[PDB]
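We've got the same protein chain twice here, in two forms, each standing alone as C-alpha cells: structure 1 and structure 2.
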Structure 1
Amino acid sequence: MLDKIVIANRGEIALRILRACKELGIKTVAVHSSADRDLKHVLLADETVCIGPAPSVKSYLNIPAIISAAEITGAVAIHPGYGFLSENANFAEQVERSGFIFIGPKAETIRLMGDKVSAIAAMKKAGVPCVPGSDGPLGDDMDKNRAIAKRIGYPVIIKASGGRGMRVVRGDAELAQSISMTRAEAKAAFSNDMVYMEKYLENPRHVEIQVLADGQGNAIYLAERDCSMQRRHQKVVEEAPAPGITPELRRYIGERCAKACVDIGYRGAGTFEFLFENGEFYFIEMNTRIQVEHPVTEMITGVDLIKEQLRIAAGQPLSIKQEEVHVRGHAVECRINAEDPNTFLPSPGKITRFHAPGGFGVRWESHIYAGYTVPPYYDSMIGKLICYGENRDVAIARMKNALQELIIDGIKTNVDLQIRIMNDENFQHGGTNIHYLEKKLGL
C-alpha cells in the first residue's frame, strides 16, 4: 500500500483518484491552485496544499511546487492524472530523483512514446500494426513503387519530404504519373523533388486499447474503446466495446499491444490509440497514462484501473490474468463541458442548481455541486456521465434518460448536444467515423 500520495491534478479526475485512495486506505494530499479551494476532492482530502495562483502554468504545471508539497506532507508517491504533467518525462524524472514514486511509467518510456519517430519504431519492432508505407522515399523504378502500393493496398497517398505536393491514388494505372506529377510539384514548391508513400485511411474510426503492466514482465489488455465522435480532434463521446469488433479481432490487437508493453518495459496503465478501417488497426499513439474515458472500460470488465495504477506503483504484480478478463455489457460516456452548446465558448460561472442522475447502470463522475463556481481557467470539462447496459441499445437509452435528468443551472453546458448525439440515428446504428460529428454539425 502507498502510505500517502499527492494528487497532482484537479476536478473530476482528482476526485476519482481520491476515491481510489480512500478505498485502499491511502492518505491523500490535494495540491490545488488558489482558485480551487472549493474543489470537492480538496474538501474531502486528508491534507491540502496551495501550490500557486489560478493559471495552470503557475500551479498544476509548477513542478517545484508539487514536489515541495510532496516533501512537506511526507508523501511517498505522486499521481499525475491525465493532462498537465502526466506525460512530462522531465517531471517524472525530478519526482523519482527527489525520492518519490511516480505513479506512471518510467521516464525513459515516456520519452520513447512521447516522440513520434521513436514511438513508431518501437511499435513496428514489437509487432504492433502501424500505417503501411514505402519505408523511405521512392525511386524511379515504377515496378517497385507499384509493388509497394499493391502490398499496402489502395488507396494510398503520396506526400512530400520537404517541409503540399500531396496526392491520393486509388488505382495502379494512375500511380506512376501520380508520383511524377507529385515529384514535380514537390520540386517547384518545397524546392525538393522527394516523395514517399503511405496507406490512405479515408474513413477510420478511433479505436483504442487499454493495457496494464506491472513492469515485472506481466501485461494485460482490457478490451477497446471507440472514441470516434470528436470535435476539433477532441473526444466528445466514448464507448466500450467498439461496435463491430469480434472477440477474435479484439484478441488479435490486444495480444500485440500486451507484448509491446512487455518489450518497452512499460509500467502502469496505458492506451494504444489506433485508426481503424476495414478490420485493420493502424497505430497512432500510445497515451502513457490514464485517460479521461477509462470508466467505460471499467464498466464492461469490472476492473478498477485507478486502484490498479496504485497497486502497481506500490510494486505489486498484476493480480489479474488475461484469461480472467471478460467483456460484459456495453458502456457509453458523454463528456459534460461548461460551454455554449452551439458555439463551444467557455462558460465559467456559479452553478446555481445541480442534481445528478441516478439509477441502475448510471455512473456520475464530477466534482461540481450547487454553489460551486467553475473558474475561468483550465479545461471546460466539468463532468462525465457514463451509462452501462446489458447491450449497446440499453446503454444508449439509459444515457438518454440520465441526460434528461441531469440538471446544471447557472452556466451553459453541452448537455443538449449530447442529447442530440444520442438521438442521432447513425450513432444508434454505430460505427460512425472520426469525421462524422463535424460532418454532421456543418463543416
Structure 2
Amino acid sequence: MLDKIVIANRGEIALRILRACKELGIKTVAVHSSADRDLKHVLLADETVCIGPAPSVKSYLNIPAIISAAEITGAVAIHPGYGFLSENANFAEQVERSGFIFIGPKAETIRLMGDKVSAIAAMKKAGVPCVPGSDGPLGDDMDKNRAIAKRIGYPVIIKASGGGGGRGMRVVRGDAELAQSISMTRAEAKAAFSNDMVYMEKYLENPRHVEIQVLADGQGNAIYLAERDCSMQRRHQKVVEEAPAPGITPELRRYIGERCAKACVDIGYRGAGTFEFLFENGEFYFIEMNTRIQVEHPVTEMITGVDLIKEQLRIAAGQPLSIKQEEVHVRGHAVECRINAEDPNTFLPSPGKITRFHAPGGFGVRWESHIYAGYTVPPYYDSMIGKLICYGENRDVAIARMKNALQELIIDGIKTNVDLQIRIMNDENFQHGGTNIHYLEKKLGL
C-alpha cells in the first residue's frame, strides 16, 4: 500500500479521498489554499501544507507548489480528485517525471481522452459505438464541409476537439448556417483552449446522458460497474445523477459495458474512468471519456458495493482489482442530489458563513460534505458544497428517501438549491424516469 499521499484537491472530494486513505492506512497530506485552512479534511489530515493564496491559479492549479508539497512531506503519490488538474496531462507527466505516482491513467491516456477527435477514433476502432460524424477534424474547404454535412444528414453539431462537457459547440440545421457555425466554434475553441480543431457529429435532438463506470488495474483486468443517468442539467452542469439508468435492461448494460471494458484493454487504460454516451431511441453513442474519478461516483458505489476511491489507490499501489466482472451485480437504486451554495433566482454562487447546519441520517442515506456549522463557504471555488445520496431496493424507495433526507437537511446563513432539489424529486416526469438532457432548463423556463 502507498505509504503517504498528497490530496491535491479541496472540499467534499478531498474529504472523500481522506476517508478512503484512512481506511487503507495511508498517511494523508492535505495541501490547501490560505482560504481553506479550516476545511474538514485539512483538520483531519495527518500533515498539512499551505500551497498558496486563495485564487486557484496560485494554489490548486499551482503545479510547482503541489509537487514541492509532495517532496517536502516524503509523499509517494498525488490524488488530483476531480476538476483542477485531474485531466491535465502535463501535470500527470510532471508528477511522474518528478518521481511520484499520479493516481490516474498514464499521461498519454489522459492526453488521448482530452483530444475528442482522437478519442472517438480510438473508441470506434475498439468497437465502441460512436455518433455518426466526420471521423476527423474539419478543414477550411466549405465544399468538403457541406459534403460531410450531407453525408451525415442535417441536423449536425460542430464540436471543439479540445473541448467537452457541453462546452464549445453549435447546432447546424442547414447549409446557410454551416460556415459561420464552424467559424464561431473554431474561434471560441482557440480563445479557450489555444486549439482551434473542430469536428462534426449527427445532432441528436433529445438524448439522455448515460455514462459507464470502468476500473482497470495494471494486471490487465478491466471491468464495468454499470451506468449512471446524468441528464438532469443546468447550463451543462449536472444537478441530479442516478444509478442504474431507468429503462436500461441487463442486456443493454452487458452489451455496452463489455465494449467499454474491451476498449480499456485495447488502449491500455489504468484506474477509474467514465465513458459518456448519448442515449436515444434505445441506442448508445460515445461522445467523450473522463479519466478522473467524478463527482457522481457515489451512486455507482451504492448499487455495486465497490468503493471506487479505494480501488484507485489499490490500483496505484500495484494491487489487482478487488472484484471480478462476474462478482459485480447491480442491486437496488441510488439517486444523488448536488447541494450548491447558489441564489435561487440568479443561479450565481452564494458564498458566506453557515450559521446552523444539520445533516440528514437514516437507512440508505449518505451525506458527502465538508461543511459544518460556523464554516464559511469561500467565494473563490465551485458552488457545490455537498452531495446527498440516497439508496433504496428500487428507484421509488431511493426517491422517497431523498425527499425525506432533503427535508431534514438544514443549511442556514447561505442560500442553497435544497428547495429546487425537492421540486425535482416531486416532478412527475422525473418520478416516471428517463427525462432527457434538456428537461430541467425547459421545466424552469416554463
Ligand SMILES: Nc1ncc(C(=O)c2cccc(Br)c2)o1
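Along the sequence of structure 1, residues get numbers from 1 upward. Just so we're on the same page, rigid core means the largest C-alpha set that superposes within 1.5 Å between forms.
Here the chain coming from the form deposited with the ligand bound is structure 2, while structure 1 comes from the other form. Shown in the overlay between the two structures, fitted on the rigid core, is a CA shift at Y82 smaller than 2 Å. With the core held fixed between the two structures, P204 has its Cα displaced by under 2 Å. Note on conformational change between the two structures: two rigid parts, with the smaller rotated by 58° relative to the larger (from C-alpha fits). Core-aligned Cα shift between the two structures at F344: this is 0.8 Å.
In the core-superposed comparison between the two structures, the CA atom of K116 travels 1.1 Å. After superposing on the rigid core, the C-alpha of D172 is displaced by 17.2 Å between the two structures.
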